[PDB]
Structures are given as C-alpha cells and as structure tokens.
Amino acid sequence: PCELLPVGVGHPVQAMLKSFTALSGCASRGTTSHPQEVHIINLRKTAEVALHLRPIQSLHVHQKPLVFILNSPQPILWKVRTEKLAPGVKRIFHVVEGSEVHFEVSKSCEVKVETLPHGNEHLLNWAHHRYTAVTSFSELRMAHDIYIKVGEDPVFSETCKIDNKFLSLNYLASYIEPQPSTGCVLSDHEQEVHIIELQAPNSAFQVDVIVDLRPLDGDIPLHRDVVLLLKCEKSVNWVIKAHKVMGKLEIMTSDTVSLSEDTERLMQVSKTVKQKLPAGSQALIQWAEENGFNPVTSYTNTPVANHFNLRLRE
C-alpha cells in the first residue's frame, strides 16, 4: 500500500545537501611586517551575506587594522558579525557598485565602492597595487555565511600564491540546499519505523550522512521509540543526531553508524549489528515487516543528500 510519489513539505523525512563553497585561495603571514591585514573574498554565482569574523585560535583579542576586499558579480548586502575584535580599530571594506556593509554597531571604519576585476590573479593584483602584502584570498562558488578568522597565522608562507587545492579552516563558507525525494507515508504503539534509501551522498568515499531526529513541534519533547532502516548504494557513515526525543533507537544498516553524545544520552540505542538490507521500496518494506518492525511509518528514496531531517508526529 505504498504509492511512491515525489514527496511534499509534510513528508516526515526532508533531504538536504550541505557543501563547502571554496574554489581556490591562499593565506600568508607576509602582512606581519606591514601596518594592516588584507582579506580578499572573490564570490562566484537583493543578495545578502553574513560575514562572521573572529581571531585565529592563538589570539584572544584582535586589534590589527583590517582591509576587506569583497568582490561579487552582482550587488550584495553584507552583514558583519564580529567576536573578540577590539573596538575603535581602523577596518576598511572595498565593495562593488550596489554592494553595502552593515555592522552590529562610525568608529574608525569606512566602506569604499570600487571597480574590481573578476579574475582571481587580477583581483590579487588590484590589492597588491593598494597594499604591498595580502593576508588571505578566498574564491567561493557562493554562500549564505562566510567565516573568516583574522590574524597572521605562522603556518603560512610569506606570500599569497592562489591554489585551487588550498583549504584553511580560517576561511570557510557553507551552503545548505534542500533536495527532492520520492516516498510514501503508511501510518502506533508509541513507535515509528522510517526507511531511508539514499542513492548517493554527493565520488568522495566513506563520507558522513547526518540523520537529524526531532519532534515536528520542536517546543515539546517526545516519548517515542524509533527504528531507522538506512540504505545507501555507496559506502557512508550514518551520523545520528537526536534532539528532544526519548525512547528506544534501533538502527538497521550494513554501513557504519556514529551516534551523537546527545543521542546516546536521550535514547536507549540497541547495539548496532550490521544488517544486509535489500534494494527498493518493495523489498525494504517487506524486510522491515518480516523482522518485527510493524507498522512501517514511511519510506524515502533520495537521489543525492548528506543530511536528512526526520520529524516525528505530535
């Protein structure tokens, strides 16, 4: 009695794809002997971007003058959020026409509108003409939030040589995109059994696929037993993150399973034993019903995702 269909917003399982948007970059300690730090962001395709700023781990407070060169193909409204950045310090922002910068405030700070080149090397050259040395360069495929850790890190060489394989935890951007699925809702004894069949987690091997478990409500914690049948064509590590749900948790899969500390505390997780599950909705619902997991609540088939939001009834 499972009529498989493209799922709607009410389906209990909602798939998402999380990704880091870095394309290329560099970092340098070469600004140490210069009066200011220069950080370049080169964004690729009104748009709003939150720019989170904090010092590198080896610094308690950051007080060195800052220069941000914020390049984008279309205008952007920048929202600057800072933590442990000393007030009253001269911080400059170079943006494109139509772009603006807003802060969580006039005190040694200005926004300059520029004509900026689009090529990475040309933008780096534009910066070298105004400042002798640059602290970081990050080319990004887009983003909702950009996280920059300011300060001259000693691990870096003296120059900024852009590299398409460069990655620093100091300069990161995150993007989360909802993904479509097919599936069906079928239905008891304060238990829910959910079958998630993922075709691909993104060819990055043994990557994490998060299963986030919460009440649909969000304000009221639930007493519910949960059974998860997790199947993937590729090798994945299923990461279980339960919130505001207490009960038995049974996981059926041939893959490895990581449990969050909150999950092990909230729920009574049965020792996961590797289960060889069949493929397809028909064979998976039948397997569940034959191994004492009755009734099945839902089945979800997802072509691509590395994050699932499972919301339990009431």
# chains A, B, ... in the order shown; residues from 1 in each chain; ligands from 1
call {"tool": "closest_atom_pairs", "arguments": {"of": "stretch 205-244 of chain A", "to": "stretch 3-15 of chain A", "cutoff": "12 Å", "atoms": "only C-alpha atoms", "output": "JSON lines"}}
result
{"residue": "A:209", "atom": "CA", "partner": "A:15", "partner_atom": "CA", "distance": 10.4}
{"residue": "A:210", "atom": "CA", "partner": "A:15", "partner_atom": "CA", "distance": 9.9}
{"residue": "A:211", "atom": "CA", "partner": "A:15", "partner_atom": "CA", "distance": 9.3}
{"residue": "A:212", "atom": "CA", "partner": "A:13", "partner_atom": "CA", "distance": 9.5}
{"residue": "A:213", "atom": "CA", "partner": "A:13", "partner_atom": "CA", "distance": 9.4}
{"residue": "A:214", "atom": "CA", "partner": "A:12", "partner_atom": "CA", "distance": 10.3}
{"residue": "A:215", "atom": "CA", "partner": "A:12", "partner_atom": "CA", "distance": 10.1}
{"residue": "A:216", "atom": "CA", "partner": "A:12", "partner_atom": "CA", "distance": 8.2}
{"residue": "A:228", "atom": "CA", "partner": "A:13", "partner_atom": "CA", "distance": 11.4}
call {"tool": "residues_around", "arguments": {"residues": "stretch 136-149 of chain A", "least_positions_apart": "5", "cutoff": "7 Å", "atoms": "only C-alpha atoms", "output": "MDAnalysis selection string"}}
result
chainID A and resid 21:28 38:45 49:56 160 170:175
call {"tool": "write_last_selection", "arguments": {"atoms": "C-alpha atoms", "output": "PDB file, in the first residue's frame"}}
result
ATOM      1  CA  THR A  21      31.925  26.532  -1.394  1.00  0.00           C
ATOM      2  CA  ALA A  22      35.791  27.006  -1.675  1.00  0.00           C
ATOM      3  CA  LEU A  23      37.130  27.095  -5.267  1.00  0.00           C
ATOM      4  CA  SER A  24      40.695  28.350  -4.622  1.00  0.00           C
ATOM      5  CA  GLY A  25      42.668  30.563  -2.279  1.00  0.00           C
ATOM      6  CA  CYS A  26      45.797  31.260  -0.270  1.00  0.00           C
ATOM      7  CA  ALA A  27      46.870  32.641   3.073  1.00  0.00           C
ATOM      8  CA  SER A  28      50.068  34.438   4.111  1.00  0.00           C
ATOM      9  CA  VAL A  38      44.202  42.362   3.813  1.00  0.00           C
ATOM     10  CA  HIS A  39      41.490  39.678   3.297  1.00  0.00           C
ATOM     11  CA  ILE A  40      40.063  39.086  -0.153  1.00  0.00           C
ATOM     12  CA  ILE A  41      36.763  37.326  -0.901  1.00  0.00           C
ATOM     13  CA  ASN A  42      36.028  36.584  -4.585  1.00  0.00           C
ATOM     14  CA  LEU A  43      32.358  35.423  -4.845  1.00  0.00           C
ATOM     15  CA  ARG A  44      31.023  33.497  -7.875  1.00  0.00           C
ATOM     16  CA  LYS A  45      27.325  32.996  -8.969  1.00  0.00           C
ATOM     17  CA  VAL A  49      25.695  37.548   3.012  1.00  0.00           C
ATOM     18  CA  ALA A  50      26.635  37.323   6.719  1.00  0.00           C
ATOM     19  CA  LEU A  51      30.406  37.762   7.238  1.00  0.00           C
ATOM     20  CA  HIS A  52      31.495  36.246  10.573  1.00  0.00           C
ATOM     21  CA  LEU A  53      34.805  37.500  11.965  1.00  0.00           C
ATOM     22  CA  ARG A  54      36.790  36.214  14.950  1.00  0.00           C
ATOM     23  CA  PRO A  55      40.562  35.967  15.703  1.00  0.00           C
ATOM     24  CA  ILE A  56      42.653  32.842  14.875  1.00  0.00           C
ATOM     25  CA  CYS A 160      49.781  34.519  -1.177  1.00  0.00           C
ATOM     26  CA  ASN A 170      40.316  30.036   8.849  1.00  0.00           C
ATOM     27  CA  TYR A 171      38.402  30.920   5.615  1.00  0.00           C
ATOM     28  CA  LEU A 172      35.232  28.910   5.086  1.00  0.00           C
ATOM     29  CA  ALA A 173      31.807  29.278   3.562  1.00  0.00           C
ATOM     30  CA  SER A 174      28.837  26.901   3.961  1.00  0.00           C
ATOM     31  CA  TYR A 175      25.820  26.356   1.716  1.00  0.00           C
TER      32      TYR A 175
END
call {"tool": "residues_around", "arguments": {"residues": "residue A:251", "least_positions_apart": "6", "cutoff": "8 Å", "atoms": "only C-alpha atoms", "output": "ChimeraX atom specification"}}
result
/A:227-230,270,272
call {"tool": "closest_residue", "arguments": {"among": "A:299, A:293, A:126, A:308", "to": "residue A:1", "atoms": "only C-alpha atoms"}}
result
A:299
call {"tool": "closest_residue", "arguments": {"among": "A:76, A:167, A:124, A:232", "to": "residue A:207", "atoms": "only C-alpha atoms"}}
result
A:232
call {"tool": "closest_residue", "arguments": {"among": "A:134, A:98, A:183, A:115", "to": "residue A:282", "atoms": "only C-alpha atoms"}}
result
A:183
call {"tool": "closest_residue", "arguments": {"among": "A:151, A:201, A:178, A:303", "to": "residue A:67", "atoms": "only C-alpha atoms"}}
result
A:151
call {"tool": "atom_distance", "arguments": {"atom1": "atom CA of residue A:94", "atom2": "atom CA of residue A:114"}}
result
6.4 Å
call {"tool": "atom_distance", "arguments": {"atom1": "atom CA of residue A:239", "atom2": "atom CA of residue A:313"}}
result
21.6 Å
call {"tool": "closest_residue", "arguments": {"among": "A:152, A:100, A:82, A:72", "to": "residue A:33", "atoms": "only C-alpha atoms"}}
result
A:152
call {"tool": "residues_around", "arguments": {"residues": "residue A:187", "least_positions_apart": "3", "cutoff": "7 Å", "atoms": "only C-alpha atoms", "output": "MDAnalysis selection string"}}
result
chainID A and resid 295:297
call {"tool": "select_by_dssp", "arguments": {"residues": "stretch 80-156 of chain A", "states": "strand (DSSP E or B)", "output": "list in words"}}
result
residues 80, 81, 82, 85, 91, 92, 93, 94, 95, 100, 101, 102, 103, 109, 110, 111, 112, 113, 136, 137, 138, 139, 140, 145, 146, 147, 148, 149 and 150 of chain A
call {"tool": "write_last_selection", "arguments": {"atoms": "C-alpha atoms", "output": "short mmCIF file (atom, residue, chain, number, x, y, z; two decimals), in the first residue's frame"}}
result
data_model
loop_
_atom_site.label_atom_id
_atom_site.label_comp_id
_atom_site.auth_asym_id
_atom_site.auth_seq_id
_atom_site.Cartn_x
_atom_site.Cartn_y
_atom_site.Cartn_z
CA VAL A 80 29.27 41.88 9.54
CA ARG A 81 29.25 39.91 12.80
CA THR A 82 32.38 40.13 14.98
CA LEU A 85 37.67 42.14 17.65
CA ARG A 91 38.70 48.47 9.40
CA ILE A 92 38.13 49.22 5.61
CA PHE A 93 35.75 47.43 3.17
CA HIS A 94 36.19 47.62 -0.65
CA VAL A 95 32.95 46.50 -2.37
CA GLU A 100 26.79 47.67 1.13
CA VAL A 101 28.24 46.70 4.55
CA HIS A 102 26.20 46.79 7.81
CA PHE A 103 27.52 46.10 11.32
CA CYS A 109 35.55 52.32 9.75
CA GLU A 110 34.69 53.03 6.09
CA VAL A 111 33.13 51.32 3.01
CA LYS A 112 34.72 52.24 -0.38
CA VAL A 113 32.97 51.44 -3.71
CA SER A 136 44.17 35.75 2.62
CA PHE A 137 42.39 35.18 -0.71
CA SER A 138 39.24 33.04 -0.90
CA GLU A 139 37.43 32.31 -4.17
CA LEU A 140 33.95 30.90 -3.32
CA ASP A 145 27.53 32.78 5.65
CA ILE A 146 31.30 33.29 5.30
CA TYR A 147 33.54 32.66 8.28
CA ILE A 148 36.87 34.47 8.38
CA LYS A 149 39.38 34.01 11.22
CA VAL A 150 41.57 37.17 11.30
#
call {"tool": "select_by_dssp", "arguments": {"residues": "stretch 66-273 of chain A", "states": "helix (DSSP H, G or I)", "output": "count of residues only"}}
result
17
call {"tool": "closest_residue", "arguments": {"among": "A:266, A:255, A:226, A:221", "to": "residue A:314", "atoms": "only C-alpha atoms"}}
result
A:221
call {"tool": "residues_around", "arguments": {"residues": "residue A:281", "least_positions_apart": "2", "cutoff": "9 Å", "atoms": "only C-alpha atoms", "output": "list in words"}}
result
residues 2, 4, 183, 195, 197, 279, 283, 284, 285, 286, 299, 300 and 301 of chain A
call {"tool": "atom_distance", "arguments": {"atom1": "atom CA of residue A:77", "atom2": "atom CA of residue A:36"}}
result
24.4 Å
call {"tool": "residues_around", "arguments": {"residues": "residue A:123", "least_positions_apart": "4", "cutoff": "9 Å", "atoms": "only C-alpha atoms", "output": "MDAnalysis selection string"}}
result
chainID A and resid 40 42 69 71 116:119 127:128
call {"tool": "write_last_selection", "arguments": {"atoms": "N, CA, C and O atoms", "output": "PDB file, in the first residue's frame"}}
result
ATOM      1  N   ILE A  40      40.819  38.970   1.087  1.00  0.00           N
ATOM      2  CA  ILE A  40      40.063  39.086  -0.153  1.00  0.00           C
ATOM      3  C   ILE A  40      39.061  37.932  -0.271  1.00  0.00           C
ATOM      4  O   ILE A  40      39.396  36.765  -0.065  1.00  0.00           O
ATOM      5  N   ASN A  42      36.416  36.491  -3.171  1.00  0.00           N
ATOM      6  CA  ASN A  42      36.028  36.584  -4.585  1.00  0.00           C
ATOM      7  C   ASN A  42      34.850  35.640  -4.849  1.00  0.00           C
ATOM      8  O   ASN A  42      35.052  34.450  -5.129  1.00  0.00           O
ATOM      9  N   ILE A  69      38.369  43.098   0.935  1.00  0.00           N
ATOM     10  CA  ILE A  69      38.091  43.355  -0.477  1.00  0.00           C
ATOM     11  C   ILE A  69      37.044  42.316  -0.814  1.00  0.00           C
ATOM     12  O   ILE A  69      37.339  41.122  -0.837  1.00  0.00           O
ATOM     13  N   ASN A  71      34.541  41.170  -3.397  1.00  0.00           N
ATOM     14  CA  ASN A  71      34.174  41.141  -4.799  1.00  0.00           C
ATOM     15  C   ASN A  71      33.022  40.169  -5.052  1.00  0.00           C
ATOM     16  O   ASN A  71      32.995  39.067  -4.494  1.00  0.00           O
ATOM     17  N   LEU A 116      36.109  46.477  -9.665  1.00  0.00           N
ATOM     18  CA  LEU A 116      37.008  45.374  -9.386  1.00  0.00           C
ATOM     19  C   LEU A 116      37.065  44.364 -10.536  1.00  0.00           C
ATOM     20  O   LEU A 116      36.010  43.998 -11.062  1.00  0.00           O
ATOM     21  N   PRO A 117      38.276  43.860 -10.892  1.00  0.00           N
ATOM     22  CA  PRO A 117      38.358  42.791 -11.909  1.00  0.00           C
ATOM     23  C   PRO A 117      37.726  41.473 -11.415  1.00  0.00           C
ATOM     24  O   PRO A 117      37.565  41.292 -10.207  1.00  0.00           O
ATOM     25  N   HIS A 118      37.383  40.545 -12.334  1.00  0.00           N
ATOM     26  CA  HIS A 118      36.718  39.295 -11.939  1.00  0.00           C
ATOM     27  C   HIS A 118      37.679  38.092 -11.755  1.00  0.00           C
ATOM     28  O   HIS A 118      37.410  37.231 -10.914  1.00  0.00           O
ATOM     29  N   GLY A 119      38.772  38.064 -12.521  1.00  0.00           N
ATOM     30  CA  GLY A 119      39.805  37.038 -12.436  1.00  0.00           C
ATOM     31  C   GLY A 119      40.484  37.105 -11.090  1.00  0.00           C
ATOM     32  O   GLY A 119      40.635  38.195 -10.529  1.00  0.00           O
ATOM     33  N   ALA A 127      44.713  44.469  -5.388  1.00  0.00           N
ATOM     34  CA  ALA A 127      45.019  44.567  -3.964  1.00  0.00           C
ATOM     35  C   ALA A 127      46.484  44.891  -3.755  1.00  0.00           C
ATOM     36  O   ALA A 127      46.776  45.766  -2.946  1.00  0.00           O
ATOM     37  N   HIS A 128      47.402  44.216  -4.501  1.00  0.00           N
ATOM     38  CA  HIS A 128      48.852  44.462  -4.419  1.00  0.00           C
ATOM     39  C   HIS A 128      49.208  45.893  -4.784  1.00  0.00           C
ATOM     40  O   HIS A 128      50.197  46.409  -4.273  1.00  0.00           O
TER      41      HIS A 128
END
call {"tool": "residues_around", "arguments": {"residues": "residue A:253", "least_positions_apart": "6", "cutoff": "8 Å", "atoms": "only C-alpha atoms", "output": "list in words"}}
result
residues 229, 230, 231, 274, 275, 276 and 277 of chain A
